[PDB]
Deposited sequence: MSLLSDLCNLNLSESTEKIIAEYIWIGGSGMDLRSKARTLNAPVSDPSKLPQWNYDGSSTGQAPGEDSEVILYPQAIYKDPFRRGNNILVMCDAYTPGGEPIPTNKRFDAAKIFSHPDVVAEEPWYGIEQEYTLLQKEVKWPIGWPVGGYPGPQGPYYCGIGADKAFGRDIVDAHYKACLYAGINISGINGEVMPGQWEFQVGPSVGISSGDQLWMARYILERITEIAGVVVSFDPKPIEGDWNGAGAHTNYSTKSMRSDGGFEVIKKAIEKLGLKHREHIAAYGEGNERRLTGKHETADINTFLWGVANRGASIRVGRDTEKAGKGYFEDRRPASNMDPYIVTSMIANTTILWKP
């Protein structure tokens, strides 16, 4: 148990403190980053978690709690929260205020693809449609881990399946509220981004390392979940 018997300890035995990691979109847009801080009492309602901030130079950017769900790598009562960047008005990189004001029942099953690479070499490991056996499932345990972690957290994920291109996969979100579909993707794009970090594997959400619409009824710019859903919710009723 070299650095493995730890990282997993009971919570309520000693203290009542619960961590709550703060997550936000950074960099060019594909880099989703986070850092940790505790709390006092376990509450899942987003209107009680205190605000916070960080320094953007490393530019004082404020963060507000929006999504409070559970945690893959810590269990019990530990919590992940999804927060957006506000410039010292929202920051232009946020790209969420417009979506919030537009969406303020458009269920969206956004479809996303991800490819696995061997991080020591940055290449994929090693009839291919959902193949099994040798030279087919390059880290199918990683996929099991991500699927079950997403079920545990609170992400509404709705299936996963491989294709012909080696290593790569894709998973489905299905029945998620429009604005929620801008959260439940990004967090689910985050959890996976950590899981392969355990191994010598990296997920690259890129083409070369679909948007469902089921409204309750009617009653009325590259790779951004929020931008795509906002654009396609424009024109169409809601």
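Student: If you line up the deposited sequence with the model, which stretches have no C-alpha coordinates?
Tutor: According to the record, the gaps fall at 1, 60 to 67, 98 to 99, 116 to 122, 145 to 155, 239 to 248, 260 to 335, 354 to 356.
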